[PDB]
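# Breakdown of the fold
Residues per chain are reported as follows:
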Amino acid sequence: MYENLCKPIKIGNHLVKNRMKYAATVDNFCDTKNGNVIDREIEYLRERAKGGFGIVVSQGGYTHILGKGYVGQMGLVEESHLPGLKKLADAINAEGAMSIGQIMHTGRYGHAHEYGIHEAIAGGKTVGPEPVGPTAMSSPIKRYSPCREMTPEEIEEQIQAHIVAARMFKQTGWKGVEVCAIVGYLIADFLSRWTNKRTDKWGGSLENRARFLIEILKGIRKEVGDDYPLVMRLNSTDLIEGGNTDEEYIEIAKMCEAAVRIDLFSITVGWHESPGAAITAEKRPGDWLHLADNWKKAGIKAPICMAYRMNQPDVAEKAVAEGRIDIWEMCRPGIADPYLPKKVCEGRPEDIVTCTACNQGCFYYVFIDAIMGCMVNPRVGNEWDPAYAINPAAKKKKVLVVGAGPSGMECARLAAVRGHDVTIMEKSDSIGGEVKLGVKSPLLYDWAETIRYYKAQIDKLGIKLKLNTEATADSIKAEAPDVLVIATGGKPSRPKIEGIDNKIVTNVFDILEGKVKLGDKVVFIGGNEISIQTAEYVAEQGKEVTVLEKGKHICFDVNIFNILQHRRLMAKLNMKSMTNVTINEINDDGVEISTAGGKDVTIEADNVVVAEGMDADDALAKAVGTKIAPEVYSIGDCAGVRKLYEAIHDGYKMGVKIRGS
Ligand SMILES: Cc1cc2nc3c(=O)[nH]c(=O)nc-3n(C[C@H](O)[C@H](O)[C@H](O)COP(=O)(O)OP(=O)(O)OC[C@H]3O[C@@H](n4cnc5c(N)ncnc54)[C@H](O)[C@@H]3O)c2cc1C
Ligand SMILES: Cc1cc2nc3c(=O)[nH]c(=O)nc-3n(C[C@H](O)[C@H](O)[C@H](O)COP(=O)(O)O)c2cc1C
Ligand code: SF4
């Protein structure tokens, strides 16, 4: 089935068992106090190595405290870092994966001041804790504080710190070393003409901008020797106006190859300061592969690997078969499913837990200096935790799950995996719940992969799925289970609005279930994520859509990474929006609003969608109580409205805790 993905490859002298690479992932799992590798990190990367990845890259480790850009970033500075690095490499290597250590000083994106650092020694001098760059400047992004200009001595010291970092990985058993020269971190800052305004030998011409990187590579190569795998990450496109051209990145890569033997090029898209789309659901698998083509026709000798929304085995298989890339590189697909390569090579892609590019647990949690998580994978950051271990139940119990939404299905899946006799009762004709409604939204197309995954799991695990079956007190009693799991989800709220009883008033459920005929003008009351995604579905159909929000902002519950994605779509679909509006009443011809400035305006509508929020659909739970079965639990939105991340996590936690005694 995936002959090309499962084909081996030589990276330097090292034979890699397949063409699947798990990319560097800072996750805030290392010791926040000192940058040491701890059990949370070890077990996280061990799961990717057990999952079958031919290559497993560590997260980018800082080379100096000023280069620390994440609260729990791994450190590559002191002798006290060595024991942890050895444990990490042992764990990856034992599984048969090629361990690769990444070196990443975050430069302009450093946040040492936020990590209890009040001063540091840099270039033999006492300095403040501010980020460093080739040129003293500010960021368009408020998360990044103004940087200080590195002295030539600090530059020389950082080259040596990179050599020492590579020495540290090699002495602790890592199979190779990766230089992170991307996305706006220190090296990328010297490479880009946007960040590098130096007039000495470290800036000006492209040759000078590349010097810091070249000297780092030359130094590492001399340190580790000729036989040791030296790989690197470099941008193919920075998506920065006034940055380097795509062709300049190729010239830099050519300078790299001429300086040292590069054993693998990982090619990347954008900077953290880039406004445009790079990693979102706006980009589909293969949307960036033309860049890999240009590197190949430019004559780059080293094998190439590429990630960046490559979440499909079929797309990667073709890309590798056609020689566009030599290795399928991935980060978020490996967060979502650490066993993706094992599934690809055993010919079961239907078992893949696909990353939907939600950017919640991964990007967003890491950037707000929180412990990384994953929406679709509740095990992320918990592989090391005994409370998340999946253990066979000795005494099989009869488990009745009410509701085939994500929380119900994840619970049923885990309870069946552990050996319980599981039944799902679902009132509609199909599984998915609100995920089955959301999949209709333009940016939620990868939610069909979540449906496909759970549909295939129910089948394989022998879960008794009872579709078109509304669970009642009587049908639960007839079933007589040992454990009743209520996972009936949420329902649209009914706020106290004048004229809410109008015929014009509908809800997000009736829209997505096709239970309402919509006109040419559709007006949404509510500016939350659910209201916006439904409005995008209504607008895609070529309808005139207005979103009215009483609060200060629309998309208020949408993480920073998805905000711009929604702006682009709303503009593209000619969607109108109003904020700080008072909803006065709903009537026959639309909705009467009063702006924050005092303007009374009539919003013309053929349909009024009241989408201010969701209530817990807890009628069944209130009707049956806690005594209808020996064990009664409520999970997901029926236990209190949260979102998809919490529903899936509640399901996993419910599924693992169902005891056998
Ligand atoms: C259009 C849309 C877009 C969304 N977008 C996002 C997003 O981007 N990110 C995010 O975090 N969240 C989003 N959400 C919310 C998210 O989908 C929900 O939080 C989540 O699906 C709730 O999971 P659940 O298992 O608790 O309930 P549900 O998904 O609501 O499932 C409940 C299930 O129980 C069934 N059922 C109900 N009563 C009975 C009964 N008595 N007997 C049998 N079956 C019954 C229902 O038919 C349904 O299948 C969105 C929701 C919608 C509708
Ligand atoms: C939480 C998170 C942390 C990341 N940490 C790193 C890092 O340590 N070093 C690095 O070079 N890239 C890092 N990246 C970039 C990824 O390795 C990857 O190239 C990117 O997410 C695009 O690939 P994908 O679509 O497979 O996720 C990070 C990405 C995420 C989601
Ligand atoms: S949190 Fe969302 S984007 Fe990140 S790995 Fe999980 S499914 Fe993918």
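Residues numbered from 1 in each chain as written, not as in the entry; some residues may be left out. Chains lettered and ligands numbered in written order. Heavy atoms only, no water.

In the PDB archive, X-ray crystallography is given as the structure determination method for this entry, at a resolution of 2.20 Å.

Identification of the chain as NCR A from bacterium enrichment culture clone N47 is taken from the PDB entry. We quote the UniProt Sequence similarities (unreviewed entry) comment for the chain here in full: "In the N-terminal section; belongs to the NADH:flavin oxidoreductase/NADH oxidase family." (UniProt positions renumbered as here; feature names shortened; annotations may be inferred.)

### Some points on the overall build of the chain
Each helix and strand counted, the chain has 21 helices and 29 strands in total. Compactness check: the chain gives a C-alpha radius of gyration of 27 Å against a globular reference of 26 Å for 661 residues, within 12% of the reference. Across its three principal axes, the chain shows a C-alpha extent of roughly 75 × 65 × 50 Å. Within the chain, buried positions represent 61% of all 661 residues. (Helix = DSSP H or I, 4+ residues; strand = E, 2+ residues; numbered from the N terminus. Rg over C-alpha atoms; globule rule 2.2 N^0.38 Å. Buried < 20%, exposed > 50% of the residue type's maximum accessible area, 1.4 Å probe, protein only.)

### Observations regarding the state of the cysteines
Per the stated rule, a full pass over the model turns up one disulfide. Here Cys 6 is linked by a disulfide to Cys 345, with a sulfur-sulfur distance of 2.1 Å. Handedness of the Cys 6-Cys 345 disulfide follows from its S-S torsion of about -110°: it is left-handed. Highlighted residues: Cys 6 in the segment before β1 (9–11) and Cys 345 in helix α11 (residues 340–345), separated in sequence by 339 residues. Residue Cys 6 is classed as partly exposed on the basis of its relative accessible area of 25%. In this structure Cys 256 is a free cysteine whose sulfur lies 13 Å from that of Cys 180, the closest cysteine sulfur available. (Disulfide = S-S within 2.5 Å.)

### Remarks on the site of ligand 2
Residues in contact with ligand 2 amount to 23 residues; listed here are only the nearest, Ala 24, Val 26, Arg 233, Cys 331 and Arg 332. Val 26 places a polar main-chain atom, nitrogen or oxygen, 2.8 Å from a nitrogen atom of ligand 2. A distance of 3.0 Å separates an oxygen atom of ligand 2 from a polar backbone atom of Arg 309. Within the complex, 96% of the 610 Å² of free accessible area of ligand 2 lies under protein. For the shell around ligand 2, the secondary-structure elements that each account for two or more residues are α10 (332–336) and α12 (360–367). Take the shell around ligand 2: its biggest share by element is three residues, from α12. The residue inventory of the shell around ligand 2, partitioned by class, reads 16 nonpolar, four polar and three charged. (Near = heavy atom within 4 Å. Polar contact = N/O pair within 3.5 Å; in protein donor to acceptor, adjacent residues only side chain to side chain. Areas by Shrake-Rupley, 256 points an atom, 1.4 Å probe, with all protein chains shown as cover. Nonpolar A, V, L, I, M, F, W, Y, C, P; charged D, E, K, R; others polar.)

### Some points on empty space enclosed by the protein
In this approach the atoms are scanned with a rolling probe the size of a water molecule, which exposes any empty space left behind. Tallied over the entire structure, the rule returns five cavities of 30 Å³ or more. Of the voids in this model, the largest cavity is the one considered here, and its volume is about 100 Å³. Along the walls of the largest cavity sit 15 residues, with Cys 355, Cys 358, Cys 362, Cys 374 and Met 375 positioned nearest its centre. Only α10 and α12 provide two or more residues apiece to the lining of the largest cavity. For the lining of the largest cavity, a count of residues per class yields nine nonpolar, five polar and one charged. (1 Å grid on protein atoms, 1.4 Å probe; cavity = no way out; pocket = protein on both sides within 12 Å on 5 of 7 lines; lining within 4 Å. Points joined across faces, edges and corners; volume = space filled by probe spheres on them.)

### Observations concerning the side chain of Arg 418
Relative to the helices and strands, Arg 418 resides in the loop between α13 (406–417) and β16 (421–425). Within the structure, the side chain of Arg 418 is placed 2.5 Å from the backbone oxygen of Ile 658, a separation counted as a polar contact. With residues up to four places along the chain from it excluded, the contact list for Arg 418 reads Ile 390, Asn 391, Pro 392, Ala 393, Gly 655, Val 656, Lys 657 and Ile 658. (Contact = heavy atoms within 4.5 Å.)

### Re the pattern of salt bridges
Applying the stated rule across the entire model yields 43 salt bridges. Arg 568 is paired through a salt bridge with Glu 282; the nearest N and O atoms lie 2.8 Å apart. A residue pair is termed long-range when its members are at least 10 positions apart, and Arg 568 in helix α19 (residues 560–572) and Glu 282 in the loop between β12 (265–269) and α8 (289–297) qualify at 286 residues. Since its relative accessible area comes to 29%, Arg 568 is described here as partly exposed. Where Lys 515 meets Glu 513, a salt bridge forms, and the shortest distance between an N and an O atom there is 3.2 Å. A relative accessible area of 60% places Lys 515 in the exposed class. Taken together, the salt bridges that share partners define one network made up of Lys 342, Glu 346, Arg 348, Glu 350, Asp 351 and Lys 460. (Salt bridge = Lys/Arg side-chain N within 4 Å of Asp/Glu carboxyl O.)

### Section: the site of ligand 3
Lining the immediate environment of ligand 3, one finds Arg 332, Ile 335, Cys 355, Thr 356, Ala 357, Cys 358, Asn 359, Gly 361, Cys 362, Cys 374, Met 375 and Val 376. Here ligand 3 is seated within the largest cavity. When its residues are assigned to classes, the shell around ligand 3 shows eight nonpolar, three polar and one charged. (Sits in = over half its atoms within 2 Å of the grid points.)

### Notes on the pairing of strand β22 (residues 544–548)
Of all five residues in β22, four are buried; the element is thus mostly enclosed. Two strands pair when backbone bridges link them, and strand β21 (residues 521–525) and β22 are joined in this way by five bridges, in the parallel orientation. When the bridges of β22 are listed, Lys 521 appears paired with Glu 544. Handedness of the crossover joining β21 and β22 through helix α18 (residues 529–540) is recorded here as right-handed. (Pairing = 2+ DSSP bridges. Right-handed = clockwise from strand over helix to strand, strands pointing away.)

### So, helix α6 (residues 211–224)
In a regular helix each residue adds 1.5 Å, so 14 residues correspond to 20 Å; α6 covers 20 Å between its end C-alpha atoms and thus fits that length. Every buried residue belonging to α6 is among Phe 212, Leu 213, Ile 214, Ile 216, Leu 217, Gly 219, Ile 220, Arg 221 and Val 224, and all of these are buried. Immediately downstream of α6, the backbone of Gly 225 shows phi near 90°, a positive value. (Expected span 1.5 Å × (residues − 1).)

### Thoughts on the nonpolar core
One finds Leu 213, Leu 217, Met 232 and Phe 265 to be the most contacted residues of the largest nonpolar core, which totals 149 residues. Residues within four places of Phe 265 in sequence aside, it is in contact with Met 232, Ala 253, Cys 256, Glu 257, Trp 295, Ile 300, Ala 302, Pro 303, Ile 304 and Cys 305. Residues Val 508, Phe 524, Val 547 and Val 609 belong to the second largest nonpolar core, which totals 26 residues. (Core = buried A, V, L, I, M, F, W, Y, C linked by side-chain atoms within 4.5 Å.)

### Quick word on the domain arrangement of the chain
Split by domain assignment, the chain resolves into domain 1 (9–386) and domain 2 (505–615). Computed from C-alpha coordinates alone, the two centres of domain 1 and domain 2 are separated by 40 Å. The interface is formed by 15 residues belonging to domain 1 together with seven residues belonging to domain 2. Summed over both partners, the interface of domain 1 with domain 2 comes to about 870 Å²; 54% of that surface belongs to carbon and sulfur atoms. Counting across the domain 1 and domain 2 interface gives one salt bridge. There are eight residue pairs in polar contact connecting domain 1 and domain 2. Of the residues belonging to the side of domain 1 that touches domain 2, the class tally is nine nonpolar, four polar and two charged. (Domains from an automatic or database assignment. Buried area = accessible area lost by both parts, 1.4 Å probe.)

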